[PDB]
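Remarks on the structure that follows.
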Amino acid sequence: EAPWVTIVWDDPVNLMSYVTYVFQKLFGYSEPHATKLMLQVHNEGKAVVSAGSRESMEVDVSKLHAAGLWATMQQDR
Ligand SMILES: CC(C)C[C@H](N)C(=O)N[C@H](C(=O)O)[C@@H](C)O
Ligand SMILES: [Mg+2]
Ligand code: NI
């Protein structure tokens, strides 16, 4: 019943510019939004990047994995 979130985890390989681009490409986010989330990943170690049903977050995780980003999902409490 609960809503879920997709989290992207910091990784030591992917370019900062790539991560900003992926968030725009996969989610349609604006450049300031994508950059903000990228920097949160890089400076906090992780960031919630999207939110919704468990099934919707399963798709976001799969899309992010195909892009090569470290994504997981968990219930939002
Ligand atoms: C947003 C995260 C994944 C950035 C990386 N931790 C990072 O430091 N990337 C570097 C960079 O963009 O210069 C190199 C390692 O790709
Ligand atoms: Mg929460
Ligand atoms: Ni880094």
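Note that these values count all heavy atoms, side chains included, but never hydrogens, waters or copies made by symmetry. We count residues from 1, following the sequence as given. Counting convention: from 1, in listed order, for ligands and their atoms alike.
Looking at atom 6 (N) of ligand 1, its nearest protein heavy atom turns out to be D11 O, 2.8 Å. When hydrogens are left out, the protein atom nearest atom 8 (O) of ligand 1 is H42 NE2, 2.9 Å; that is the closest non-hydrogen contact.
Atoms of ligand 1 found under 4.0 Å from any heavy atom of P12 (numbered from 1 in listed order, with element): 15 (C). Distances below 4.0 Å separate heavy atoms of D10 from the following atoms of ligand 1: 2 (C), 3 (C), 6 (N).
In terms of N/O distances under 3.5 Å, ligand 1 is approached by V13. Between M16 and ligand 1, a contact under 3.5 Å exists for at least one N or O pair.
The closest side-chain heavy-atom distance from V13 to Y18 is not below 4.5 Å. Here the side chains of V22 and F27 are not in contact, with every heavy-atom distance at 4.5 Å or above. Looking only at side-chain heavy atoms (C-beta outward), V8 and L37 stay at 4.5 Å or farther from each other.
Proximity annotation for atom 9 (N) of ligand 1: of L69, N14, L15, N14 comes nearest, heavy atoms only.
Residue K63 holds its NZ atom at 5.5 Å from CG of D60, rounded to the nearest 0.5 Å.
Restricting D76 to its N/O/S atoms, the shortest distance to the Mg ion (ligand 2) is reached by OD1.
Annotation for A34 and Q24: closest pair CB-CG, 3.6 Å, computed over non-hydrogen atoms.
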Take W70 and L64 through the side chain to side chain contact (heavy atoms under 4.5 Å, CB included) test and state the conclusion after the steps. CA-CA 7 Å; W70 296 359; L64 285 157; over 6 Å; no
